[PDB]
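Here come the first chain(s), positioned as in the complex:
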Amino acid sequence: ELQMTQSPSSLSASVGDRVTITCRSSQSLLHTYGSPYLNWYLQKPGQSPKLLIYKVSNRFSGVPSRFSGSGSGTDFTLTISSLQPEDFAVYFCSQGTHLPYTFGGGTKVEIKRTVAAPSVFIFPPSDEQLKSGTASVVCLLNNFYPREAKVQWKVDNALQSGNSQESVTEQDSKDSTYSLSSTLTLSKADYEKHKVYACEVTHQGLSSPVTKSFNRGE
């Protein structure tokens, strides 16, 4: 194979910082097919990869000037002189000149910004839902940039253990913020078995852990 180790695996840099990503070609075949001509890409979530640099150094037609690819021997380096708000994506090196074509591990680039506290919202389970035989209550955290967040579900101050799932949106391309939604699912009988429902959100941008509650039935 044509293994390539990409470094780092993840990164956060403020808009305007210099960033360098490294790919190491395989010493196994620096003498089998010579020194390879690497290509660099970036991929947005759900989009096709966009070519940035081809053949080590050549900047692809239309790519901005802030991107540049260097390299000598077997160490190749993509360089972003000053990050931009739209530059958050997954960057990876490509090698498509000798079979089998291989790709780099990838580098997820996050945009740094000031600590932002999330606005919390709690939602009871729908009325037309419980008539099916299951209840799921949703807690919302909107627009924050310490993606590391904590949300505890409580029913009568009974900390739940393993009946909740979270999902976090990709970084917002407008304000570089995240949003999280924890969904606590339990039986209909278990729903009408209690009355208080709260999510305790602990967060870097919060002095006191916020709690959004609601009692069953108005």
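Yep, that arrived. Numbering: from 1, shown residues only, chains lettered A, B, ... in the order given.

Which residue is the nearest non-sequential neighbour of the most centrally placed residue in chain A?
In chain A, the centroid-proximal residue (Cα atoms, centre = their mean) is residue A:170; its distance is 5.4 Å. Leaving aside its sequence neighbours, residue A:170 sits nearest to residue A:45 (Cβ to Cβ, 6 or more residues apart in numbering; 5.0 Å). Every residue, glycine included, has its C-beta placed from N, CA and C.

what's the spacing between the one you found and residue A:166?
According to Cβ to Cβ, to the nearest Å, residue A:45 and residue A:166 sit 17 Å apart.

do residue A:14 as well
From residue A:14 to residue A:166 the distance is 26 Å (Cβ to Cβ).

Around the residue nearest to residue A:170, how many other residues sit close by?
Per other Cβ atoms under 10 Å, the neighbour tally for residue A:45 reads 11.

That one in helix, strand or coil?
coil (DSSP: H, G, I helix; E, B strand; the rest coil).

tell me which element residue A:217 is part of?
Residue A:217 belongs to no helix or strand when assigned by DSSP states H and E.

Pull up the gap between it and residue A:153, please.
Taken as Cβ to Cβ, the span from residue A:217 to residue A:153 is 19 Å.

Of the two, which one has the most company?
residue A:153 (20 against 7).

distance of that one from residue A:168?
Taking Cβ to Cβ, one finds residue A:153 at 17 Å from residue A:168.

now the helices: where do they sit in chain A?
Assigned by DSSP state H, the helices in chain A fall at A:127-130, A:188-192.

In the first one, which residues are buried?
The neighbour-count check on helix A:127-130 (16 or more other Cβ atoms under 10 Å) flags residue A:130 as buried.

Which residues does that helix contact?
A:135, A:136, A:188, A:191 (Cβ atoms under 8 Å, 6 or more residues apart in numbering).

Please state the offset of it from the chain centre?
With Cα atoms, centre = their mean, to the nearest Å as the basis, helix A:127-130 stands 33 Å off its chain's centre.

try the longest one
Relative to the mean C-alpha coordinate of its chain, helix A:188-192 is positioned 35 Å out (Cα atoms, centre = their mean).

In terms of secondary structure, what does that helix contact?
Where contact means 3 or more Cβ pairs under 8 Å, 6 or more residues apart in numbering; DSSP states H and E, helix A:188-192 is packed against strand A:135-144.

got a list of contacts for the strand it packs on?
Against strand A:135-144 from outside (Cβ under 8 Å, 6+ apart): A:116-125, A:129, A:149, A:151, A:153, A:172, A:175, A:177-188, A:190-191, A:197, A:199, A:201, A:203, A:205, A:212.

So which of these sit within strands?
Judged by DSSP state E, strands contain the following of the contacts of strand A:135-144: A:119-123, A:151, A:153, A:178-186, A:197, A:199, A:201, A:212.

Which among those residues count as buried?
A:120, A:122, A:151, A:153, A:178-182, A:184, A:186, A:197, A:199, A:201, A:212.

coming back round to it: so can I have TSV of the helices of chain A showing distance to residue A:101?
Formatted as TSV, these follow (distance: least, Cβ to Cβ, whole Å):
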stretch	distance to residue A:101
helix A:127-130	48
helix A:188-192	52
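
what's the closest of the ones you listed to residue A:75?
With Cβ to Cβ as the criterion, residue A:75 lies closest to helix A:127-130 of those, at 56.0 Å.

here's chain B, drop it on:
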Amino acid sequence: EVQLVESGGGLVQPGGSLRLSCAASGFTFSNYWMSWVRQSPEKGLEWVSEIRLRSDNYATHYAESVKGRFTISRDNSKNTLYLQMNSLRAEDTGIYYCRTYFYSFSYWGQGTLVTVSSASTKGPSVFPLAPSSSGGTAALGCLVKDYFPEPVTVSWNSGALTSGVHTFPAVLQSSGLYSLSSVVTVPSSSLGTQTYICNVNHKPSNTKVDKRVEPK
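Chain B goes in next, on the same frame as the chains above:
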């Protein structure tokens, strides 16, 4: 403008078959090589197959993982690339990107999702997230629950509402069915004046549902 449009992806049982298409335009299709490259969340990118020119006796190459099962073929007349996939497995799941090679560099298509599972297509049921009663700004949304396979698309007021919307990535549940939540922040001055509707579309099952969210 170089364009590569994939087609044919979808749900298929283990051992079933599928043939992907790729409509090419913007260049002379007969003069450059073609290839397929798939991508999974757990393994990342992975080259699949490649086909040479007619000059090269249509020489094909395959990744060892798919040898004997996948067949790459081109039709210069129709300007399309095909990938016949037979005896599909688990590691075959993922988005399949169509490629063309100008030697100096390559170009990629939007990709087509190929899901291999034992489950049948399940239509989502939509449930409202009624707003509460942060002062001036309120939040509401729709809970798309119990569906398979991916994906589902959500809009608001038939696309008329795009500001402040957040559709969360689906989460695979203990049941093997996906679940997704879509919310939007709106001024509380409009809850009683503005009709808020989410347009859920699960194309794999033709479940286009419109559920207006009312305050309880």
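
once more on the neighbour count of residue A:45, this time with chain B?
The local packing of residue A:45 (other Cβ atoms under 10 Å in any protein chain shown) involves 12 other residues.

That one and residue A:171 touch, don't they?
No: judged on Cβ atoms under 8 Å, residue A:45 makes no contact with residue A:171 at a distance of 9.2 Å.

now stretch A:205-218: how far from the chain's centre is it?
26 Å.

end-to-end on that stretch?
30 Å (Cα to Cα, to the nearest Å).

quick one on the thing from earlier: wait, doesn't the residue nearest to the centre of chain A sit right on residue A:90?
No: here residue A:170 lies out of contact with residue A:90, judged by Cβ under 8 Å, at a distance of 10.9 Å.

Can you name the residues that contact the nearest residue to residue B:134 once chain neighbours are set aside?
Closest residue to residue B:134 apart from its sequence neighbours, by Cβ to Cβ, 6 or more residues apart in numbering or on different chains: residue A:119 at 5.3 Å. Neighbouring residues of residue A:119 by Cβ atoms under 8 Å, 6 or more residues apart in numbering or on different chains: A:140, A:141, A:142, A:143, B:134, B:137, B:139, B:185.

just residue B:7 next, same as before
B:20, B:21, B:22, B:23, B:112.

Any figure for the gap between it and residue B:65?
23 Å.

what's the answer for residue A:63, then?
32 Å.

How about residue A:185?
From residue A:185 to residue B:65 the distance is 37 Å (Cβ to Cβ).

Could you do residue B:207 as well?
34 Å.

List the contacts of residue A:48.
If you count contacts by Cβ under 8 Å, 6+ apart, residue A:48 has them with B:97, B:108, B:109, B:110, B:111.

out of those, who's near chain A?
B:97, B:108, B:109, B:110, B:111 (Cβ under 8 Å from any Cβ of the partner chain).

Quick one: neighbours of residue B:132, just the number.
18.

residue contacts, the closest residue to residue A:159 other than its chain neighbours?
Spatially, and ignoring its direct neighbours in sequence, residue A:159 is nearest to residue A:152 (5.8 Å; Cβ to Cβ, 6+ apart). Counting by Cβ under 8 Å, 6+ apart, residue A:152 touches A:159, A:160, A:199, A:200, A:202.

Filter those down to the buried ones, ChimeraX style.
Buried members of the contacts of residue A:152, defined by 16 or more other Cβ atoms under 10 Å in any protein chain shown, are picked up in ChimeraX with:
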select /A:199,200
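
Nearest to chain B among the contacts of residue A:152?
residue A:199 (12.9 Å; Cβ to the nearest Cβ).

give me the beta-bridge partners of that closest one?
residue A:153, residue A:212 (DSSP bridges).

Can you give the domain ranges for chain B?
B:1-118, B:119-215 (curated CATH domains).

Between the two ends of the longest one, how far is it?
Length of domain B:1-118, first residue to last, Cα to Cα: 40 Å.

what about it, distance to the chain center?
15 Å.

pretty sure residue B:154 is touching residue B:198, no?
Yes: between residue B:154 and residue B:198 there is a contact at 5.8 Å, judged by Cβ under 8 Å.

Which residues are in contact with each of these two?
B:142, B:182.

which one of those two has more residues nearby?
Between residue B:154 and residue B:198, counted using other Cβ under 10 Å, the more crowded position is residue B:198 (27 against 21).

For that one, what is the enclosing helix or strand?
strand B:196-202.
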